[PDB]
Asks: 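Here it is, the structure, as structure tokens.
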Amino acid sequence: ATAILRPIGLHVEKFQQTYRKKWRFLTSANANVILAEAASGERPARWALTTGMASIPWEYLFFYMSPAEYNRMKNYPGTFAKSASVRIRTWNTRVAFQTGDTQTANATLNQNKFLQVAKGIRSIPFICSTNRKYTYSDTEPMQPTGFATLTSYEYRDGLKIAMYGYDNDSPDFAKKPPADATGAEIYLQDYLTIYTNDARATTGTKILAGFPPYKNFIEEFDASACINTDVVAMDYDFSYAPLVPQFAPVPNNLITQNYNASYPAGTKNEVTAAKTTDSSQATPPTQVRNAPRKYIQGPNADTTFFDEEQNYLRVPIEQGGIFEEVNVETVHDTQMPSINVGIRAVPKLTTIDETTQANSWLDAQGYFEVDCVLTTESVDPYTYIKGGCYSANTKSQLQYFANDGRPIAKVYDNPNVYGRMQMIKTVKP
Amino acid sequence: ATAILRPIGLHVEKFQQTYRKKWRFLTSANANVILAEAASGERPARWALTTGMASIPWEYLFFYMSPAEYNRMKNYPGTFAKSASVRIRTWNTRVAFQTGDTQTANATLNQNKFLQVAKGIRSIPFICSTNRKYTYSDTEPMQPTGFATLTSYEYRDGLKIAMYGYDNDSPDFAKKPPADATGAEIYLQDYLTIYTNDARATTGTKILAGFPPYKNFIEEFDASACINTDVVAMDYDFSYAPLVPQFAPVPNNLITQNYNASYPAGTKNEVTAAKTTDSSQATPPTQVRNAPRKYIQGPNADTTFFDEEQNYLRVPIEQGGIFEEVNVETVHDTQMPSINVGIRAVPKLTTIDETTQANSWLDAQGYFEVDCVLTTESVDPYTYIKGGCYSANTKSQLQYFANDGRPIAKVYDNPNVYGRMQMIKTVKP
Amino acid sequence: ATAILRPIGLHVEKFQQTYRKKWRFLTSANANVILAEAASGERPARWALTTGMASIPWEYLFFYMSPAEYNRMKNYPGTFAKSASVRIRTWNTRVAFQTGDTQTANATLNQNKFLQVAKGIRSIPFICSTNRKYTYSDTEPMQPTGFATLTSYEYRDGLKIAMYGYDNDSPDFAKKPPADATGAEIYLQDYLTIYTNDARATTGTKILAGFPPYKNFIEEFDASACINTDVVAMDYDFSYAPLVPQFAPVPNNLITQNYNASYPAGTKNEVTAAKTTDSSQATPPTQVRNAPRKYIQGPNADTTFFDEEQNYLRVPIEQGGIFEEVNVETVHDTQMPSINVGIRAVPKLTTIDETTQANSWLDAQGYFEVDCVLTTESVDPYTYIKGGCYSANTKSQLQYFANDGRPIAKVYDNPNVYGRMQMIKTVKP
DNA sequence: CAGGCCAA
DNA sequence: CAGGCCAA
DNA sequence: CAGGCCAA
């Protein structure tokens with residue numbers, strides 16, 4: 001029989017988009033100096049071990065796509081980031097010929113020059129670390145002497161403005177020529193810092209374990225041999241990275257009296273759970289099903305996360321475990337591996353009189369060429385004849401929310417807990 | 001060494017039974033007419049799109065096995081339905097030679113004649129549909145003009161009585177000669193209906209998406225070429241279809257003081273959970289472990305579901321996710337695919353003066369031969385020497401119950417929620 | 001480029017240890033006699049069917065390793081039992097030449113001599129059984145006439161003292177020469193007992209199912225043909241058998257303000273749950289996530305289980321489902337199969353006048369050579385430069401605890417519930 | 001040698 | 001082209 | 001023919 005009709009199904013349009021950027025970064029060869037961080041509120045007193053390995057913010061959307069691209073992508077509901085790849089090439093590493101201390105003849109033609117590469121240090125359960133901006137001494141510009149108050153949000157915002165510049169109506173427009181237009185180098189200021197407990201004021205049983213041997217977890221090469229060579233090549237497939245929420249479905253509550261029905265989930269977990277842990281061991285690990293959350297499209301939608309655009313530079317691209325879909329789903333926790341590259345500090349040719357680390361360093365810069373590609377996909381489903389696009393209600397998305405109404409999102413800024421990136425309340429920009 | 005004894009284990013007797021029926025169904029080629037359904041209580045105002053695709057009740061036990069077989073199967077505890085298969089063959093489709101409107105000469109030898117087949121429309125998340133009985137206009141017998149109050153339970157009971165007849169003591173015995181004895185055709189009256197929201201009285205943001213293009217999800221063939229041809233051939237393996245509860249185990253509480261003990265389930269879910277969802281998006285999806293339930297055999301058994309025989313025609317055969325077993329079990333939600341077949345309405349040869357759908361249709365009937373087979377299995381375990389059959393306590397079964405004591409069961413009558421059949425309270429017959 | 005550094009990671013030292021013992025056991029051919037056990041508190045009145053199959057305590061640590069080895073293993077934190085294997089060889093089985101009843105000439109050269117082997121009877125859901133010590137009649141030394149009050153803890157302690165002897169300062173030192181030094185035979189006194197309900201005082205619907213046919217689940221061989229032959233050869237890989245807790249990690253709460261953070265678990269269960277069941281069917285099976293528990297190392301450690309050394313002879317080696325680790329973990333319930341071996345009772349050559357079981361038995365002993373091997377592994381992780389060994393915080397372990405502070409552990413002493421070994425509160429030694 | 005721990 | 005969503 | 005049920 002001639003089939004006059006056949007189940008061709010819905011009309012769905014899938015769009016794949018690619019975002020590419022090229023960035024040139026200058027990195028300081030910061031010395032390895034212990035800095036004291038005083039206790040503040042819930043933060044204990046700790047020792048900080050500074051490094052010269054600059055953080056590469058490849059986990060954020062501004063790294064791959066310009067404000068124009070971001071604004072246009074906003075008009076594509078259902079957009080998911082598919083894969084993010086970054087390639088880092090280092091160029092000739094400059095080392096100061098002399099320290100500038102006139103009282104010594106330390107100038108020399110010879111250089112020992114090492115490049116440090118750190119993949120996934122952020123996820124190591126026992127190396128408590130985060131990326132920090134330092135303040136430096138005037139006599140020794142390469143020696144950290146404290147911490148800048150610049151937060152991670154402010155750092156990434158400043159880096160974005162250096163990448164793309166100001167708006168034409170900005171009075172400060174001339175200050176930052178866009179590196180996306182010029183191709184000029186950008187100074188990085190956000191470096192890996194290793195922390196350990198400070199037991200000087202600790203009462204009771206002190207932990208006196210020193211630092212973890214973090215140099216056993218990084219790669220280091222002779223930077224003289226690495227000129228114009230690829231040093232980092234990492235791809236990442238996103239588990240769940242909703243950049244724009246799905247098209248809202250036609251609400252079945254307007255058609256059906258069964259919208260609030262119940263059905264068996266069996267032994268499968270179709271609702272995600274939040275795990276709370278306590279490294280102080282005052283409380284056992286806790287798993288709580290049905291965390292507070294609300295839809296990011298539909299009649300009672302709360303789109304604060306996507307209207308505050310947390311996902312451009314404040315919050316990492318991948319948010320697996322933060323977002324639920326209303327269907328039989330498998331959801332796991334997610335992390336993007338951290339990338340830190342830098343030059344080891346070059347000691348001065350002075351001769352110190354004691355068996356210890358060098359106390360004076362030559363100025364040295366790492367020159368890193370960064371190639372980054374981001375792939376995204378969006379959908380245009382037509383479940384209904386009129387009224388525009390509508391998705392299936394099984395494509396409805398929820399986002400974890402705090403009880404005060406602030407969206408909860410993954411953050412890569414704080415140190416890991418048991419190798420996990422925490423979920424934290426988003427802050428209104 | 002000569003083994004005088006070896007672990008031969010228990011004596012268990014497994015019985016496999018087959019139930020076959022042949023039914024001949026007559027289907028009306030109902031027109032596609034929009035019907036208004038006024039809001040009633042929790043049901044909103046909606047538009048109904050009528051079709052001529054008659055529902056095939058292959059998900060119910062009366063479809064395969066007669067009252068005598070059902071009554072005998074009651075005496076086989078531990079009976080599970082294993083597989084249900086249905087084969088549908090269509091015969092010559094009759095179309096009225098003339099409409100009967102004397103004021104027109106619409107009689108014609110020529111016919112355009114189409115058969116519609118719909119598999120799994122009930123499970124489509126975005127096509128809100130259910131099977132309904134219509135009322136028809138007198139001048140146009142093939143045009144629905146409303147809904148009959150006949151419910152799904154009443155419809156399936158009437159169809160069962162048409163299939164098998166009354167008891168010999170019934171005063172109305174002569175009214176329904178059994179089709180199981182005669183082989184005569186039975187008129188089907190339960191047709192697929194597509195629903196959409198009615199926004200005439202809607203206050204606020206209206207959804208004006210019209211209807212979903214449901215004809216993109218059905219098969220249609222020239223019925224003139226389908227004479228004596230198989231059109232539906234579907235098999236279904238039941239995940240969990242307990243027709244008669246297991247043999248009750250010997251209660252360990254009469255032998256042991258450890259009967260109320262606790263043991264680790266680990267990270268496995270050995271207890272099922274009920275998922276509550278809200279398409280109005282007023283409440284997030286909720287998963288609740290340890291839903292109220294009670295045993296269907298044993299000292300505190302509640303056998304209301306199996307004594308009210310919900311499972312004959314009121315409730316579908318498969319109840320996966322409704323029934324728990326006391327052991328390490330994997331349980332998932334279950335659905336039987338819906339089958340709707342019918343003839344598209346044949347327009348009258350009159351010439352209408354406006355660009356629109358036909359307003360008059362010829363009488364047309366689909367002639368469908370239905371072959372159905374049901375396979376069941378039961379067990380006779382002898383854990384003990386005396387007293388009759390007893391099963392292992394790991395074979396104990398629980399059924400979900402509401403707090404008022406009404407058994408909860410799966411139903412295929414209401415429209416799907418996120419592609420799921422709901423669980424609802426059973427009603428006492 | 002020449003890599004001056006590469007990620008060699010941590011220094012971790014793994015130590016594998018082997019523990020071997022050889023034991024010679026003498027088993028009585030106890031008669032199959034029904035014993036009444038009166039109701040006591042929560043324990044109902046029941047009938048007990050005695051057997052001669054002696055329990056082999058291969059599930060406990062004292063079976064494989066001496067007090068010196070146990071005390072030294074205490075100084076290896078992070079020790080897990082890996083595998084336990086037992087080989088049982090039976091030697092010539094002695095049968096009394098005569099019963100000693102002078103009023104009969106029952107002495108005979110001829111013997112019918114059978115060896116009974118029972119693997120995994122403890123896990124059978126419908127055979128409610130446990131191992132018991134009997135009291136015997138004076139005229140018939142092989143006939144049980146009651147139960148000794150000796151508990152399982154006391155039995156295993158006495159067997160341990162027979163295996164290894166007393167301390168040199170003990171006044172009772174001469175009473176028990178160590179079998180680990182002498183190689184002498186040890187009399188076993190702990191035999192499989194089959195239970196069934198006693199309905200003499202039962203009010204209401206009585207269960208009169210008799211006994212389960214337990215002889216359909218054991219192996220039996222002609223013991224005359226089994227002289228110097230292997231009869232049991234069983235290996236067991238432990239799922240989780242922590243003998244000494246891990247090295248405590250450096251507490252991140254002393255370094256980080258994020259220690260009490262939350263992260264998504266997704267749909268995975270990273271926290272174990274305890275399943276409570278009710279064979280009386282008064283309560284449905286219940287699964288409870290986040291059972292009370294506390295760490296076995298770290299700042300708030302509760303090491304009562306490992307300081308009371310429950311794991312030497314009071315509690316079985318494997319405790320899977322009792323112990324949690326703070327990470328994405330898969331945990332399941334665990335059981336070690338039971339081993340019971342013995343000689344069937346040899347009837348007297350007297351002629352009884354009634355059709356029934358023999359009422360007099362010859363003395364018979366089983367001679368069983370038991371070879372047992374236990375493999376354990378421990379770790380020495382160095383996450384930090386100073387202060388000694390520290391593990392990753394993902395290696396932190398928690399143990400289930402009751403609300404009163406008593407550690408919860410698996411026990412193989414009580415009869416199974418739905419084929420599961422229960423978790424019970426440990427008792428302070 | 002990276003992505004929900006590593007000593008798997 | 002059906003069975004716990006389909007645009008997987 | 002044993003290890004989270006066996007009649008899978």
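Labels below follow one simple rule: chain letters A, B, ... track the order of the sequence lines, proteins then strands, and each chain is numbered from 1. Only this structure's heavy atoms are used, side chains among them; waters, hydrogens and symmetry mates stay out.
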Asks: From D:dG4, E:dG4, D:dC5, pick the nucleotide closest to the side chain of C:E325?
Replies: D:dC5
Asks: Tell me: CD of C:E329 to P of D:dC5, nearest whole Å?
Replies: 10 Å
Asks: Tell me the interatomic distance from C:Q246, atom CD, to D:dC6, atom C1', rounded to whole angstroms.
Replies: 11 Å
Asks: Would you say C:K14 reaches D:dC6's phosphate, i.e. side-chain N/O to OP1/OP2 under 4.0 Å?
Replies: no
Asks: Tell me: CD of B:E324 to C1' of F:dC5, nearest whole Å?
Replies: 15 Å
Asks: Would you say a side-chain N or O of C:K275 is under 4.0 Å from OP1 or OP2 of F:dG4?
Replies: no
Asks: Could you pull out all residues at least two apart from C:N216 that satisfy side-chain contact (heavy atoms from CB on, under 4.5 Å)?
Replies: B:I8, C:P213
Asks: Taking the six-membered ring for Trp, are C:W58 and C:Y236 parallel (under 30°), tilted (30 to 60°) or perpendicular (over 60°)?
Replies: perpendicular
Asks: Please confirm whether the shortest side-chain N or O distance from C:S123 to OP1 or OP2 of F:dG3 is below 4.0 Å.
Replies: yes
Asks: Checking contacts here: which listed nucleotide (D:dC5, E:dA7, F:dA2) is nearest the side-chain heavy atoms of C:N327?
Replies: D:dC5
Asks: Please give me every residue in residues 390-397 of chain B whose heavy atoms get under 4.0 Å of an atom in DNA chain F, ordered by residue number.
Replies: B:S391, B:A392, B:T394, B:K395
Asks: Between atom CD in C:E59 and atom P in F:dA2, what is the gap in whole Å?
Replies: 16 Å
Asks: Of all the nucleotides listed (F:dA7, E:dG4, E:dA2), which has the minimum atom distance to the side chain of B:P381?
Replies: F:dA7
Asks: Once Watson-Crick and G-U wobble pairs under 3.5 Å are found, how is DNA chain F written in dot-bracket notation, 5' to 3', with | for any base paired to another strand?
Replies: ........
